[PDB]
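To begin, one chain is listed below as structure tokens, in the form deposited in one PDB entry.
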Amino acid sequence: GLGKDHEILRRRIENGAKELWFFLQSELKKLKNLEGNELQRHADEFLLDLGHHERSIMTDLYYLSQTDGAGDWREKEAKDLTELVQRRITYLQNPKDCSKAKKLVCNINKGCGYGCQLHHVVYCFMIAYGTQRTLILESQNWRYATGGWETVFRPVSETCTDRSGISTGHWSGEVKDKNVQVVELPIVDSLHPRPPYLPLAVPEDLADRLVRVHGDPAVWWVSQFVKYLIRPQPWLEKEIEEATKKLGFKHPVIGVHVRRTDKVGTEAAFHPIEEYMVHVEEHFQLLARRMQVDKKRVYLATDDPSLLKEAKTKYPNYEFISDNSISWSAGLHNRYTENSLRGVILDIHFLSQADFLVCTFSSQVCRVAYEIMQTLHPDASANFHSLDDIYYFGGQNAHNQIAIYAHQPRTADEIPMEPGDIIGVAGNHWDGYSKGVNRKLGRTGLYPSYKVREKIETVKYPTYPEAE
């Protein structure tokens, strides 16, 4: 059978879309006949009406995702897959005889901040998993905690944290390293040759189940290594519990990460508070169509300790949840300390727990929070708005899309496409256009975002059947 609610909602979406098309073509024909102030006023009233109409269609699509048991099914399937992957990682990480285990050695001390260093460990872990090597994490003299990883997180194994082997060598590829018991992996920036066990590909054995359950299987797969790595020590778990209570952290909330200080001009622009808060307001308008919004609440994470005062002053209708001493702790004077380490971990935790995330994906901090968010919901792939980049994993293989409809360029800034063309995406301008390279032409420019599909890449990974 099909579900009655499913059929009602599908037809309501289709009728809602058709009515939006009738409304668009009528109101745009009217706009053409106006000028100056009447044109401004008409356009503004039109945008307000379109926002409500658009949000009704998105609300119906949310209900369609849940109806007739689909929500319960998605939650059960996502749980089954996480448990499966976590069991395979635990099995890899816990050989019975550490002496005789194949191993991959990772050093945490890359020359960068916490999110960049966590992503380096994820990259090491994913290649460990692909090559059937126990991950050994070397973390003495960590700039955030001289005592290492186990200052905050559980060790990465219970049975095998020792580097002993009959042979050691620097990574030279799976074929040359086949009989080398312990391989040392460099940073992805220096890795040659590259093995296939890198983002944004996903394991061939899971790909059908992942595409069915999740809008971005690449992030979900990265998130399973993040989930395993950041298992907290009991003292940190107690600190998060009591932080939750003391901050009055509560739902609904929108996470906002504002990255300023040394990021600006090197790796990102300065974005004013108003640019984040436009998307927070829009998302609360959407949530209010399907739930009670007690108070509009924002969890603010920032390395600018003057921002919180600014935000409260400009948005007195909003409840801001923030630890301003964490913001202070993140300045360049204090950043590489255990105090600042606990601060970034807490900010990332609360961001990742929010209903929605507004930030710059140019920041490794926001990307870690978005990856953790994937572990907390069946499919949180769409629960963000980036002011700059799309999701990426530094060191990833080429992010390709496939043109599904033809594009004839209207300006020289646009690229042509025919269906089938491989597009290397550089980003989404959040205005209906993306920028990328039509591979076949080597032309870079703009294309309508709706005219491409994501190319899921799969890789033959080990499946660790003895983990069952």
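Note that residue numbering begins at 1 and tracks the sequence as displayed. For clarity, a rigid core is taken as the largest C-alpha set superposing within 1.5 Å between two forms.
A.B. asks: Given that the flanking residues are present, does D262 go without coordinates in at least a third of the other entries of this protein?
C.D. replies: Affirmative; at least a third of those entries omit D262.
A.B. asks: Please work out which of 444-452 and 9-17 has the higher mean CA B-factor as recorded in the PDB entry.
C.D. replies: Looking at the record's C-alpha B-factors, the answer is 444-452.
A.B. asks: If you take the mean CA temperature factor per stretch, which one wins between 135-143 and 218-226?
C.D. replies: Higher of the two, by average CA B-factor, is 135-143.
A.B. asks: Which of these has the highest Cα B-factor in the record: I415, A70, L61, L50?
C.D. replies: Within the set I415, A70, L61, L50, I415 shows the top C-alpha B-factor.
A.B. asks: From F270, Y392, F153, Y129, pick the one with the largest CA B-factor in the entry?
C.D. replies: Going by the entry's C-alpha B-factors, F270 comes out highest.
A.B. asks: Report the third (lowest, middle or highest) to which the CA temperature factor of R55 belongs, ranking only the modelled residues of the same chain.
C.D. replies: Answer is lowest: the recorded C-alpha B-factor places it there.
A.B. asks: Lowest, middle or highest third: which one holds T411 when the chain's residues are ordered by CA B-factor from the entry?
C.D. replies: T411: CA B-factor falls in the highest third of its chain.
A.B. asks: Sorting the chain's modelled residues by C-alpha B-factor, tell me whether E371 ends up in the lowest, middle or highest third.
C.D. replies: For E371, the deposited C-alpha B-factor lands in the lowest third.
A.B. asks: Grab the CA temperature factor for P232 from the record and place it in the lowest, middle or highest third of its chain.
C.D. replies: Middle third, going by the recorded CA B-factors of the chain.
A.B. asks: Comparing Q401 with the other modelled residues of its chain, is its CA B-factor in the lowest, middle or highest third?
C.D. replies: According to the entry, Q401 has a C-alpha B-factor in the chain's middle third.
If you look for the form deposited in another entry, you will not find it shown, but the lines that follow are about it.
A.B. asks: Listing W235, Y91, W73, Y336 as candidates, which single one shows a C-alpha movement of 2 Å or greater between the shown form and the other one when the core is held fixed?
C.D. replies: Only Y336 moves by 2 Å or more at its C-alpha.
A.B. asks: Compare the position of the CA of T161 between the shown form and the other one after a rigid core fit and state whether the shift reaches 2 Å.
C.D. replies: Where the cores coincide, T161 shows only a C-alpha shift between the shown form and the other one that is less than 2 Å.
A.B. asks: Answer yes if the CA of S381 moves 2 Å or more between the shown form and the other one after aligning the rigid core, and no otherwise.
C.D. replies: No; that C-alpha moves by less than 2 Å between the shown form and the other one.
A.B. asks: Superpose on the rigid core, then tell me if the C-alpha of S327 is displaced by 2 angstroms or more between the shown form and the other one.
C.D. replies: It does, since the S327 C-alpha is displaced 2 Å or more between the shown form and the other one after the core fit.
A.B. asks: Do the C-alpha atoms of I326 and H119 sit closer or farther apart in the other entry than they do here, given a shift of 3 Å or more?
C.D. replies: Their C-alpha distance grows by at least 3 Å in the other entry.
A.B. asks: Using the form shown as baseline, tell whether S329 and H385 are closer or farther in Cα-Cα distance in the other entry, where the change reaches 3 Å or more.
C.D. replies: Farther apart in the other entry, by 3 Å or more.
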